[PDB]
Amino acid sequence: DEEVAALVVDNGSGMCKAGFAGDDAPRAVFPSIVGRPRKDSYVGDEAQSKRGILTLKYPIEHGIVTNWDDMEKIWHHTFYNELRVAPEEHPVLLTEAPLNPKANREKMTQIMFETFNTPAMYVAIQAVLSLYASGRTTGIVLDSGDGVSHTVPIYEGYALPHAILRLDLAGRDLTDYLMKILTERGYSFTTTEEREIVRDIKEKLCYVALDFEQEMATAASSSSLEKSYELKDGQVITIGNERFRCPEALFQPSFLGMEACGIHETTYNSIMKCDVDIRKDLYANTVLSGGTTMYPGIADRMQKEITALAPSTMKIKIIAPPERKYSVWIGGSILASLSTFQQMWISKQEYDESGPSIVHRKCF
Ligand SMILES: Nc1ncnc2c1ncn2[C@@H]1O[C@H](COP(=O)(O)OP(=O)(O)OP(=O)(O)O)[C@@H](O)[C@H]1O
Ligand SMILES: [Ca+2]
Ligand SMILES: [Ca+2]
């Protein structure tokens with residue numbers, strides 16, 4: 001093979017996923033955190049490990065880069081520590097959030113070519129990559145991560161900006177809500193250390209009820225839904241209706257004091273903002289992606305809720321790939337490996353010729 005390996009980097013609000021194009025899974029996954037004393041800068045797992053003596057910064061907020069100096073440190077960490085490669089020796093495919101500001105796209109481009117000297121690079125919308133990973137070029141993606149959720153209508157490979165909706169309700173909000181209701185139960189989960197424990201409980205024992213009220217009634221009249229969780233010190237606690245009450249906030253944000261529509265309504269509203277001619281394709285291809293869509297039972301619940309909102313004659317189909325926690329990254333691996341995509345990379349030559357703004361023409 002004459003070609004060097006291409007890198008695929010998916011930066012998220014809570015976790016970054018990095019690897020090599022062609023692989024079926026990322027080689028490294030670490031927290032999107034940079035810390036400095038309360039080496040001078042700590043990044044990823046080590047930063048989390050030593051958070052006690054550091055002041056942490058989160059470069060990506062709600063999917064958007066807001067601290068470029070620390071974002072640069074996360075990328076440096078990715079190349080040299082996690083993947084152990086030299087960026088000037090490999091093309092790099094980066095991911096971005098839906099509706100990412102123009103100026104941000106140009107900044108990412110300039111940094112890759114001028115700071116890391118990448119031989120080539122490209123930036124793709126996260127939701128679009130997840131759609132590709134499911135074998136589709138048309139459909140609507142509900143991407144819910146740790147800091148933000150988006151409903152992104154995509155037609156023939158192109159996202160529709162006017163119909164994209166953003167919901168600032170995701171994994172982090174759900175973790176804190178579980179800490180709250182478990183505390184109301186009689187336990188006490190309030191510290192940063194305890195937040196990590198509860199995040200684990202959430203990922204291991206939570207689920208989406210098909211019928212909220214019936215589930216609440218079953219939990220109130222029996223112990224059939226209770227599950228046990230063992231703490232490090234050995235204490236075993238019980239989780240009951242909290243198991244499904246936590247993710248229920250996705251469908252009813254008022255539980256969190258938010259007036260926003262739930263994920264089902266948001267999905268429906270995005271579809272209605274699209275041209276009537278493509279709505280049926282979207283209803284028949286609603287794909288879930290992101291860690292927060294991993295809850296058991298979420299696909300069937302979405303099927304039920306959307307069916308209730310859409311015309312009775314509409315064919316509804318919810319797709320929930322088993323590997324959807326990393327579908328964004330996998331889609332990127334697939335894209336960067338495609339024969340027809342090789343001509344799409346922005347080369348150092350092209351960057352030198354057109355500058356940062358070339359990203360708007362090359363990465364549409
Ligand atoms: N099995 C699971 N069940 C529920 N939540 C889960 C599960 N696995 C992971 N999560 C949650 O998914 C979130 C992280 O997912 P993801 O990596 O998609 O987000 P991100 O890309 O870091 O952030 P964002 O996309 O908001 O910018 C965390 O809140 C985590 O607790
Ligand atoms: Ca993400
Ligand atoms: Ca409400």
Side-chain angles (χ1 to χ4, degrees), residues 2 4-12 14-36 39-50 57-60 65 67-96 100 104-124 126 129 326 328-339 341-359 362-363:
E2 160 183 31
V4 294
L7 314 183
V8 174
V9 184
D10 178 25
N11 300 108
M15 299 289 287
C16 283
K17 303 76 171 182
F20 303 85
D23 287 358
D24 54 60
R27 204 67 71 72
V29 182
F30 58 92
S32 308
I33 298 171
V34 179
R36 284 181 281 284
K39 53 189 299 177
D40 310 300
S41 280
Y42 293 81
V43 187
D45 297 304
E46 192 176 3
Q48 174 63 188
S49 174
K50 303 188 174 186
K57 299 294 183 183
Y58 312 77
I60 300 174
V65 178
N67 186 329
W68 292 97
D69 293 314
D70 281 338
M71 188 61 233
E72 185 275 347
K73 286 176 172 55
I74 283 186
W75 284 323
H76 181 92
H77 178 73
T78 303
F79 303 132
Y80 298 100
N81 298 69
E82 301 288 349
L83 300 181
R84 293 205 65 189
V85 295
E88 61 263 44
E89 292 176 350
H90 305 270
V92 179
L93 178 285
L94 298 167
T95 74
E96 60 177 357
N100 186 36
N104 289 224
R105 313 188 78 226
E106 289 182 0
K107 187 56 178 177
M108 176 190 285
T109 301
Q110 178 179 55
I111 292 169
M112 286 299 123
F113 286 114
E114 299 190 7
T115 297
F116 295 115
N117 292 142
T118 56
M121 66 84 75
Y122 191 92
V123 53
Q126 287 142 17
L129 293 178
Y326 298 120
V328 171
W329 189 91
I330 295 172
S333 179
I334 298 170
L335 180 60
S337 296
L338 290 181
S339 170
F341 176 83
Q342 303 313 303
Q343 66 197 312
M344 298 177 83
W345 293 106
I346 297 173
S347 67
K348 178 49 162 55
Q349 182 184 306
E350 291 175 297
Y351 178 77
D352 285 354
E353 289 169 350
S354 306
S357 66
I358 192 177
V359 70
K362 297 276 291 185
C363 306

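These numbers come from the heavy atoms of this one structure, side chains and all, not from hydrogens, waters or symmetry mates. For reference, positions follow the sequence shown, starting with 1.
For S333, there are no side chain to side chain donor-acceptor pair (under 3.5 Å) partners two or more places apart in sequence or in a different chain. Applying the salt bridge (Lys or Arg N to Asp or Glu O under 4.0 Å) criterion to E114, with sequence neighbours excluded, gives no partner residue. Residues that satisfy the salt bridge (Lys or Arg N to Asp or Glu O under 4.0 Å) test with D40, not counting sequence neighbours, are absent from this structure. Judged as a salt bridge (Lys or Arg N to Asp or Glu O under 4.0 Å), and not counting sequence neighbours, the contacts of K348 are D352. Listed by chain and residue number, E350 satisfy the side chain to side chain donor-acceptor pair (under 3.5 Å) test with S347 (two or more places apart in sequence, or in another chain). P356 pairs by the side-chain contact (heavy atoms from CB on, under 4.5 Å) definition with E106, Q110, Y351, not counting sequence neighbours. Partners of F20 according to the ring-ring contact (aromatic ring centres under 6.0 Å, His included) rule, which considers only residues two or more places apart in sequence or in another chain, do not exist here. In this view, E88 satisfies the salt bridge (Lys or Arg N to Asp or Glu O under 4.0 Å) rule with no residue, not counting sequence neighbours. Remark: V29 pairs with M15, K17, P26, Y326 by the side-chain contact (heavy atoms from CB on, under 4.5 Å) rule, at least two apart or across chains. By the side chain to side chain donor-acceptor pair (under 3.5 Å) test, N117 is found to be paired with no residue, residues two or more places apart in sequence or in another chain being considered. Looking at residues two or more places apart in sequence or on another chain, you find a side chain to side chain donor-acceptor pair (under 3.5 Å) between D70 and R36, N67.
Atom CH2 in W329 sits 12.0 Å away from atom OG1 in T95 (nearest 0.5 Å). The CG atom of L129 sits 6.0 Å away from the CG atom of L335 when rounded to the nearest 0.5 Å. The CD1 atom of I60 sits 11.0 Å away from the CD1 atom of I33 when rounded to the nearest 0.5 Å.
With contacts defined as side-chain heavy-atom distances shorter than 4.5 Å, the pair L94/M121 qualifies. Put simply, the side chain of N104 does not reach to within 4.5 Å of the side chain of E96, judged on heavy atoms. With a 4.5 Å cut-off on side-chain heavy atoms, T118 and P91 do not count as touching.
Pairs of residues two or more places apart, or lying in two chains, that qualify as side chain to side chain donor-acceptor pair (under 3.5 Å) and include a residue from residues 72-81 are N11-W75, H77-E82.
In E353, the CD atom is crowded: over 12 heavy atoms of neighbouring residues, nucleotides or ligands sit closer than 6.0 Å.
Closest non-hydrogen pair, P59 versus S32, comes out as CD-O, 3.5 Å. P31 and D45 make their closest contact through CD-OD1, 3.3 Å (heavy atoms, listed as atom of the first residue, atom of the second, distance). Residues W345 and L93 share a closest heavy-atom pair of CZ3-N, 3.8 Å. When all heavy atoms are compared, the tightest approach of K39 to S41 is CE-O, 3.4 Å. When all heavy atoms of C363 and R105 are compared, the pair lying nearest together is O-NH2, 2.7 Å. The shortest heavy-atom contact between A86 and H90 is O-CD2, 3.3 Å.
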Run the numbers on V34 and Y42 for side chain to side chain contact (heavy atoms under 4.5 Å, CB included), then give the verdict.
CA-CA 6 Å; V34 179; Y42 293 81; over 6 Å; no
Item to complete: Step by step, work out the side chain to side chain contact (heavy atoms under 4.5 Å, CB included) result for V92 and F116.
Response: CA-CA 10 Å; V92 179; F116 295 115; over 6 Å; no
Residues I74, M71; criterion side chain to side chain contact (heavy atoms under 4.5 Å, CB included); working and verdict: CA-CA 5 Å; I74 283 186; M71 188 61 233; 3.7 Å; yes
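In this structure, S337 contributes its side chain and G22 its backbone to a donor-acceptor pair below 3.5 Å.
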